[PDB]
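**Student:** Pasting protein-v1.txt here (compact mmCIF, C-alpha atoms and all ligand atoms):
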# COMPACT_ATOMS: atom_id res chain seq x y z
CA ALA A 446 29.75 57.12 54.36
CA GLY A 447 28.29 60.65 54.69
CA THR A 448 24.89 61.74 56.03
CA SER A 449 21.33 61.49 54.66
CA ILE A 450 18.87 64.40 54.38
CA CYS A 451 15.09 63.91 54.66
CA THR A 452 12.87 65.03 51.76
CA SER A 453 10.93 68.31 51.90
CA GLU A 454 7.85 66.06 51.68
CA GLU A 455 8.77 64.11 54.83
CA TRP A 456 9.28 66.90 57.40
CA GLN A 457 6.25 68.80 56.06
CA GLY A 458 3.99 65.81 56.80
CA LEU A 459 5.21 65.54 60.40
CA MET A 460 4.29 69.17 61.20
CA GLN A 461 0.61 68.31 60.63
CA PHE A 462 0.63 65.26 62.95
CA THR A 463 -1.76 65.09 65.90
CA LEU A 464 -1.55 62.26 68.43
CA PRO A 465 -4.88 60.37 68.72
CA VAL A 466 -6.75 61.07 71.97
CA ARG A 467 -6.56 57.49 73.34
CA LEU A 468 -2.74 57.34 73.27
CA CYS A 469 -2.18 60.57 75.25
CA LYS A 470 -3.03 58.78 78.50
CA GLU A 471 -1.26 55.52 77.45
CA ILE A 472 2.05 57.05 76.30
CA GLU A 473 2.54 58.32 79.89
CA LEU A 474 2.97 54.77 81.22
CA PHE A 475 6.27 52.89 81.67
CA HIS A 476 5.01 49.66 80.03
CA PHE A 477 3.63 51.32 76.86
CA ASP A 478 4.49 49.70 73.51
CA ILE A 479 5.13 51.86 70.44
CA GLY A 480 5.01 48.76 68.17
CA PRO A 481 1.42 48.86 66.91
CA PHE A 482 1.78 52.55 65.86
CA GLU A 483 4.51 52.68 63.18
CA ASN A 484 3.23 55.63 61.12
CA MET A 485 2.88 57.59 64.39
CA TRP A 486 6.47 57.01 65.59
CA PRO A 487 7.98 60.37 64.54
CA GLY A 488 4.85 62.21 65.74
CA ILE A 489 4.97 60.38 69.08
CA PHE A 490 8.42 61.86 69.78
CA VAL A 491 7.42 65.43 68.85
CA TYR A 492 4.50 64.95 71.27
CA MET A 493 6.82 63.72 74.03
CA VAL A 494 9.17 66.69 73.47
CA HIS A 495 6.32 69.22 73.75
CA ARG A 496 4.95 67.81 77.04
CA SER A 497 8.33 67.55 78.75
CA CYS A 498 10.18 70.53 77.23
CA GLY A 499 7.34 72.88 76.16
CA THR A 500 5.89 73.52 72.68
CA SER A 501 8.35 76.39 71.97
CA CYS A 502 11.50 74.62 73.27
CA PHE A 503 12.48 73.95 69.65
CA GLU A 504 11.67 75.73 66.40
CA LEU A 505 9.13 73.22 65.05
CA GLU A 506 10.34 73.57 61.45
CA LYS A 507 13.88 72.58 62.47
CA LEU A 508 12.68 69.94 64.94
CA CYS A 509 10.73 68.16 62.19
CA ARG A 510 13.77 68.41 59.89
CA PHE A 511 15.92 66.91 62.67
CA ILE A 512 13.61 63.97 63.54
CA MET A 513 12.98 62.84 59.95
CA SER A 514 16.67 63.06 59.02
CA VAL A 515 17.46 61.08 62.19
CA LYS A 516 14.96 58.48 60.97
CA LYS A 517 16.73 58.35 57.57
CA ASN A 518 20.16 57.77 59.20
CA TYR A 519 19.10 54.60 60.96
CA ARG A 520 19.61 51.44 58.91
CA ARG A 521 17.33 48.58 57.85
CA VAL A 522 18.89 46.25 60.47
CA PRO A 523 16.81 43.92 62.62
CA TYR A 524 17.38 45.51 66.04
CA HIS A 525 19.50 48.66 66.32
CA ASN A 526 17.06 50.61 64.14
CA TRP A 527 14.48 53.47 64.19
CA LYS A 528 11.99 51.47 66.26
CA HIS A 529 14.62 50.97 68.95
CA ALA A 530 15.53 54.70 68.94
CA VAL A 531 11.87 55.76 69.51
CA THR A 532 11.38 53.00 72.16
CA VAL A 533 14.39 54.26 74.14
CA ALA A 534 13.27 57.90 73.75
CA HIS A 535 9.85 56.97 75.25
CA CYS A 536 11.28 55.22 78.30
CA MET A 537 13.34 58.36 79.02
CA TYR A 538 10.15 60.44 78.76
CA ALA A 539 8.32 58.26 81.29
CA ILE A 540 11.27 58.59 83.67
CA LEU A 541 11.45 62.35 83.15
CA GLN A 542 7.70 63.04 83.64
CA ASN A 543 7.87 60.87 86.78
CA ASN A 544 10.90 62.66 88.21
CA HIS A 545 10.37 66.00 86.54
CA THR A 546 11.75 68.56 89.00
CA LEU A 547 15.02 66.67 89.62
CA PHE A 548 16.25 67.54 86.09
CA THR A 549 16.78 70.94 84.48
CA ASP A 550 15.20 72.17 81.23
CA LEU A 551 18.58 71.74 79.49
CA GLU A 552 19.07 68.14 80.63
CA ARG A 553 15.54 67.13 79.64
CA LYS A 554 15.71 68.29 76.01
CA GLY A 555 19.24 66.91 75.53
CA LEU A 556 18.41 63.50 76.99
CA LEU A 557 15.33 63.05 74.82
CA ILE A 558 17.39 64.01 71.75
CA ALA A 559 20.26 61.78 72.95
CA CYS A 560 17.99 58.72 73.25
CA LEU A 561 16.69 59.21 69.69
CA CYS A 562 20.23 59.58 68.33
CA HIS A 563 22.03 57.06 70.53
CA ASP A 564 22.28 54.24 67.94
CA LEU A 565 22.63 56.48 64.83
CA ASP A 566 24.12 54.74 61.76
CA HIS A 567 24.43 51.35 63.50
CA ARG A 568 25.50 48.62 61.08
CA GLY A 569 24.34 45.61 63.11
CA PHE A 570 27.90 44.92 64.27
CA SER A 571 29.05 44.91 67.89
CA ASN A 572 32.12 46.68 69.28
CA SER A 573 33.75 43.26 69.70
CA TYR A 574 33.57 42.55 65.94
CA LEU A 575 35.07 45.93 64.95
CA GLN A 576 37.99 45.66 67.38
CA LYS A 577 38.79 41.99 66.67
CA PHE A 578 38.74 42.47 62.87
CA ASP A 579 40.50 45.85 63.24
CA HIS A 580 37.81 47.91 61.45
CA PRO A 581 38.78 51.59 60.81
CA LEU A 582 36.23 52.67 63.45
CA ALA A 583 38.17 50.69 66.07
CA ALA A 584 41.42 52.49 65.19
CA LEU A 585 39.71 55.90 65.34
CA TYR A 586 37.60 55.15 68.43
CA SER A 587 39.75 52.78 70.50
CA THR A 588 37.09 52.52 73.24
CA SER A 589 33.27 52.81 73.07
CA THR A 590 33.62 52.48 69.29
CA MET A 591 30.07 52.54 67.92
CA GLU A 592 28.99 54.97 70.65
CA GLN A 593 31.58 57.62 69.74
CA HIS A 594 30.45 57.18 66.09
CA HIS A 595 26.78 57.55 67.11
CA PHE A 596 27.57 60.85 68.83
CA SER A 597 29.68 61.98 65.87
CA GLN A 598 26.71 61.14 63.62
CA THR A 599 24.40 63.30 65.79
CA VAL A 600 26.71 66.36 65.58
CA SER A 601 26.82 65.78 61.80
CA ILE A 602 23.02 65.92 61.66
CA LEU A 603 22.87 69.09 63.79
CA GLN A 604 25.40 70.68 61.37
CA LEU A 605 22.91 70.35 58.47
CA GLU A 606 21.06 73.16 56.69
CA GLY A 607 18.21 74.22 59.03
CA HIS A 608 18.69 71.14 61.24
CA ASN A 609 20.25 72.76 64.32
CA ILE A 610 17.53 72.65 66.99
CA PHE A 611 19.98 74.03 69.58
CA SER A 612 21.12 77.37 68.04
CA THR A 613 18.72 79.39 70.25
CA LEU A 614 20.64 78.42 73.42
CA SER A 615 23.44 80.67 74.72
CA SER A 616 27.00 79.71 73.80
CA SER A 617 27.47 78.49 77.37
CA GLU A 618 24.26 76.42 77.21
CA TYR A 619 25.09 75.06 73.73
CA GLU A 620 28.39 73.67 75.06
CA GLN A 621 26.60 72.07 78.01
CA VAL A 622 23.93 70.29 75.95
CA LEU A 623 26.43 68.74 73.50
CA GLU A 624 28.27 67.42 76.61
CA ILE A 625 25.06 66.13 78.19
CA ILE A 626 24.34 64.30 74.93
CA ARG A 627 27.95 63.05 74.51
CA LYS A 628 28.02 61.56 78.06
CA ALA A 629 24.52 60.12 77.61
CA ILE A 630 25.46 58.45 74.30
CA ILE A 631 28.83 57.14 75.58
CA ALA A 632 27.04 55.82 78.68
CA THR A 633 24.98 53.46 76.48
CA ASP A 634 28.14 51.39 75.92
CA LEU A 635 27.27 48.49 78.24
CA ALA A 636 30.98 47.99 79.11
CA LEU A 637 30.78 51.14 81.22
CA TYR A 638 27.50 50.16 82.94
CA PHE A 639 29.05 47.59 85.32
CA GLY A 640 31.44 50.07 86.91
CA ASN A 641 28.78 52.80 86.89
CA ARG A 642 26.16 50.69 88.67
CA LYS A 643 28.61 49.40 91.31
CA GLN A 644 29.67 53.03 91.94
CA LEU A 645 26.07 54.23 92.36
CA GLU A 646 25.03 51.30 94.54
CA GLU A 647 27.90 52.02 96.95
CA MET A 648 27.16 55.76 96.88
CA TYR A 649 23.51 55.02 97.77
CA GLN A 650 24.15 52.50 100.57
CA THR A 651 26.75 54.70 102.33
CA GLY A 652 24.36 57.63 101.72
CA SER A 653 26.97 59.88 100.10
CA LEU A 654 24.83 60.21 96.95
CA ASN A 655 24.13 63.86 96.12
CA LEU A 656 22.34 65.10 92.97
CA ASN A 657 23.79 68.62 93.40
CA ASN A 658 27.24 67.03 92.83
CA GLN A 659 27.83 67.08 89.05
CA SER A 660 29.81 63.82 88.86
CA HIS A 661 26.94 62.05 90.68
CA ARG A 662 24.40 63.49 88.22
CA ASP A 663 26.40 62.27 85.24
CA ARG A 664 26.30 58.79 86.74
CA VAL A 665 22.56 58.76 87.56
CA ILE A 666 21.93 59.99 84.02
CA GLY A 667 24.19 57.16 82.82
CA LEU A 668 22.15 54.52 84.62
CA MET A 669 18.95 56.13 83.28
CA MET A 670 20.40 55.75 79.75
CA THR A 671 21.17 52.10 80.51
CA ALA A 672 17.64 51.55 81.88
CA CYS A 673 16.06 53.10 78.77
CA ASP A 674 18.35 51.30 76.34
CA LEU A 675 17.32 47.93 77.80
CA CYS A 676 13.61 48.70 78.27
CA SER A 677 12.69 45.80 75.96
CA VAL A 678 12.87 43.75 79.19
CA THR A 679 10.32 45.93 81.03
CA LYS A 680 7.37 45.55 78.65
CA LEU A 681 4.67 42.86 78.89
CA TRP A 682 5.93 39.33 78.07
CA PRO A 683 4.50 39.03 74.52
CA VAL A 684 6.31 42.28 73.60
CA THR A 685 9.50 41.32 75.49
CA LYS A 686 9.45 38.00 73.61
CA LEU A 687 9.02 39.50 70.11
CA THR A 688 11.81 42.04 70.68
CA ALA A 689 14.29 39.28 71.59
CA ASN A 690 13.70 37.65 68.18
CA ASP A 691 14.93 40.97 66.71
CA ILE A 692 17.87 41.23 69.14
CA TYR A 693 19.01 37.70 68.25
CA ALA A 694 18.29 37.97 64.49
CA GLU A 695 20.99 40.66 64.42
CA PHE A 696 23.39 38.75 66.68
CA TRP A 697 23.24 35.65 64.44
CA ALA A 698 23.81 37.61 61.18
CA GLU A 699 27.06 38.89 62.76
CA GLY A 700 27.98 35.35 63.80
CA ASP A 701 27.23 34.38 60.18
CA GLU A 702 29.73 37.00 58.98
CA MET A 703 32.41 35.69 61.33
CA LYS A 704 32.09 32.11 60.05
CA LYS A 705 32.88 33.37 56.53
CA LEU A 706 35.96 35.21 57.87
CA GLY A 707 37.03 31.92 59.50
CA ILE A 708 36.30 32.65 63.18
CA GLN A 709 33.75 30.75 65.30
CA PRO A 710 31.56 33.14 67.35
CA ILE A 711 30.26 33.23 70.93
CA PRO A 712 27.18 30.99 71.57
CA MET A 713 24.89 34.07 71.75
CA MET A 714 25.70 34.98 68.11
CA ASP A 715 25.48 31.37 66.85
CA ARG A 716 22.27 30.54 64.98
CA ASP A 717 23.09 26.82 65.44
CA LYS A 718 22.98 27.33 69.25
CA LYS A 719 19.46 28.70 69.76
CA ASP A 720 18.95 26.19 72.63
CA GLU A 721 21.19 28.26 74.95
CA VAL A 722 18.99 31.38 74.55
CA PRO A 723 16.72 30.96 77.62
CA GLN A 724 19.70 30.31 79.93
CA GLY A 725 21.60 33.18 78.28
CA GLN A 726 18.69 35.50 79.01
CA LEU A 727 18.52 34.37 82.66
CA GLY A 728 22.20 35.28 83.06
CA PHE A 729 21.77 38.62 81.30
CA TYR A 730 18.82 39.47 83.59
CA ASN A 731 20.73 38.53 86.80
CA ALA A 732 24.03 40.07 85.61
CA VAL A 733 22.77 43.29 83.97
CA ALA A 734 19.01 43.99 83.93
CA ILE A 735 17.78 43.31 87.48
CA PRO A 736 20.67 45.19 89.15
CA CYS A 737 20.27 48.13 86.79
CA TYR A 738 16.58 48.46 87.62
CA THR A 739 17.19 47.81 91.35
CA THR A 740 19.71 50.66 91.85
CA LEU A 741 17.62 53.02 89.67
CA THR A 742 14.55 52.36 91.82
CA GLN A 743 16.55 53.10 95.01
CA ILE A 744 17.73 56.42 93.56
CA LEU A 745 14.44 57.20 91.78
CA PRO A 746 11.51 55.46 93.57
CA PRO A 747 8.86 56.45 90.99
CA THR A 748 10.71 54.30 88.39
CA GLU A 749 9.75 51.14 90.33
CA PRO A 750 7.27 49.73 87.76
CA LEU A 751 10.29 49.05 85.49
CA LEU A 752 11.84 46.78 88.12
CA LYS A 753 8.56 44.94 88.74
CA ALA A 754 8.08 44.25 85.02
CA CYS A 755 11.71 43.11 84.67
CA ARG A 756 11.27 40.70 87.60
CA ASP A 757 8.16 39.41 85.85
CA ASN A 758 9.96 38.86 82.56
CA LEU A 759 12.78 37.04 84.39
CA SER A 760 10.12 34.77 85.96
CA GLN A 761 8.86 34.11 82.43
CA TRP A 762 12.33 33.14 81.16
CA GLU A 763 12.59 30.79 84.18
CA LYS A 764 9.26 29.29 83.15
CA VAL A 765 10.71 28.82 79.62
CA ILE A 766 13.71 26.86 80.99
CA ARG A 767 11.49 24.44 82.95
CA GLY A 768 9.61 23.95 79.66
CA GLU A 769 6.43 25.97 80.17
CA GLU A 770 6.57 28.20 77.04
CA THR A 771 3.58 29.40 74.96
CA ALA A 772 3.16 29.62 71.15
CA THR A 773 4.68 33.13 70.51
CA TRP A 774 3.85 32.82 66.74
CA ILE A 775 6.81 34.96 65.45
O1 LIG B 801 21.10 38.67 75.12
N1 LIG B 801 21.84 39.45 75.69
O2 LIG B 801 22.70 38.99 76.43
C1 LIG B 801 21.74 40.78 75.52
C2 LIG B 801 22.87 41.53 75.18
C3 LIG B 801 22.79 42.91 75.00
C4 LIG B 801 21.57 43.57 75.16
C5 LIG B 801 20.44 42.83 75.50
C6 LIG B 801 19.22 43.48 75.67
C7 LIG B 801 18.09 42.74 76.01
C8 LIG B 801 18.21 41.36 76.18
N2 LIG B 801 19.40 40.74 76.01
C9 LIG B 801 20.52 41.44 75.68
NI NI B 802 24.19 51.30 71.20
NI NI B 803 20.63 51.03 72.04
What do you get writing this file as structure tokens?
**Tutor:**
Amino acid sequence: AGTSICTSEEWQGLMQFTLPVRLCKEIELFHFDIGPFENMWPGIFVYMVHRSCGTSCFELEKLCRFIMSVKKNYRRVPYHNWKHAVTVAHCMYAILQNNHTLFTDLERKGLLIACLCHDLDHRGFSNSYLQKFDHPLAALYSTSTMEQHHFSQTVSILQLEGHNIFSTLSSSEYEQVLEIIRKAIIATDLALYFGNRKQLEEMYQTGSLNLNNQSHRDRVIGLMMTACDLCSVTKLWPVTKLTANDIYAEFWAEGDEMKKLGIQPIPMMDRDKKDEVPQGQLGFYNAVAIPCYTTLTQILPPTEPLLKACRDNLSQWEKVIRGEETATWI
């Protein structure tokens, strides 16, 4: 229902922001956790943009207008919110800085912006819900429903008064960056990931993989988006554990909505089935997470610490199943 605009007071404050000395060396790491730095979140992203894309890549006035309005268009939901957006943006950064010369100036700016916009206006409902209960979004966007909406939300923010960070690019480059973003955002639909990963794995093993081949690039970028989107599983265990509480909180509230509409949900969305969570996580790690981080490491060897951390977190979920958990506090 429309689009929000940040207050003059909000974007003006962000211009003044300086990232504390200590964090500059910490932010660079794959395992870094934005969580203890809430007030600094918008300023963290600006920082990341300036290191990777240069301080004059975007008109700072417009950049600050963009970021704060992006913040205001995320919803007070338990998982697919502002915190998630900034977390994903940071994982992309770490990948980029670690693989810098493989990606053009145009792809770097667009990917960082795409990560921050990738869950715009998320309601805390899955694609499954919308398509089952024939929500208008499902009739408009028959596939990749929320994703198409996220991208459409991003373009709506760009189209705001003084919000268009991209204007300074040529008409040819403008076209390209909206397409980089669109593909990046659509690639966060996990339905697509399975095919994409299988395709990349096979390309890598047979050694036909070629980053000068556009279609191949699109795919590697796609897996990068998947890797960032799921980076909750690559942090240290305490952080990985707390984030799951948020992921499930939102799942169960959707399962709670389905019970009212007279349909019993999948175990994962059932707050009376919390006992299946550790086994569910094992399966999600073996089915999705591990393979995603394995293929990405093969293609981009500096991204390895993500795989190691994910293997560690999977070992922790295995510990949980054998009954070796620790307090967690919540
Ligand atoms: O629980 N899941 O199956 C599950 C579904 C979708 C995204 C996830 C991200 C991190 C951990 N688990 C996830
Ligand atoms: Ni999403
Ligand atoms: Ni996401």
**Student:** Which residue gives the smallest distance to ligand NI 803 (chain B) among A:734, A:631, A:698, A:575, with all atoms listed in the file counted?
**Tutor:**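 Selected residue with least distance to ligand NI 803 (chain B): A:631.
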**Student:** Do a neighbour search on residue 697 of chain A at 7 Å with all atoms listed in the file, toss out local chain neighbours closer than 2 positions, and write the hits as a list in words.
**Tutor:**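 Result of the neighbour search: residues 693, 694, 695, 699, 700, 701, 714, 715 and 716 of chain A.
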**Student:** Produce a table with one row for each residue of chain A that has an atom at most 8 Å from any atom of ligand NI 802 (chain B), each row naming the nearest atom pair and its distance in Å at one decimal; use all atoms listed in the file; arrange rows by chain and rising residue number; format as a Markdown table.
**Tutor:**
| residue | atom | partner | partner_atom | distance |
| --- | --- | --- | --- | --- |
| A:525 | CA | B:NI802 | NI | 7.3 |
| A:563 | CA | B:NI802 | NI | 6.2 |
| A:564 | CA | B:NI802 | NI | 4.8 |
| A:567 | CA | B:NI802 | NI | 7.7 |
| A:591 | CA | B:NI802 | NI | 6.8 |
| A:592 | CA | B:NI802 | NI | 6.1 |
| A:595 | CA | B:NI802 | NI | 7.9 |
| A:630 | CA | B:NI802 | NI | 7.9 |
| A:633 | CA | B:NI802 | NI | 5.8 |
| A:634 | CA | B:NI802 | NI | 6.2 |
| A:674 | CA | B:NI802 | NI | 7.8 |
**Student:** Calculated over only C-alpha atoms, which of the candidates A:668, A:583, A:558, A:656 has the smallest distance to residue 641 of chain A?
**Tutor:**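 Selected residue with least distance to residue 641 of chain A: A:668.
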**Student:** Report, in Å with one decimal, the straight-line distance from atom CA of residue 455 of chain A to atom CA of residue 531 of chain A.
**Tutor:**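 If I compute the distance from atom CA of residue 455 of chain A to atom CA of residue 531 of chain A, I get 17.2 Å.
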**Student:** List the spatial neighbours of residue 597 of chain A as a PyMOL selection string - criterion: any atom at most 12 Å away, all atoms listed in the file, same-chain residues fewer than 3 positions off excluded.
**Tutor:** chain A and resi 447-448+559+562-566+582+585-586+590-594+600-604+623+626-627+630-631
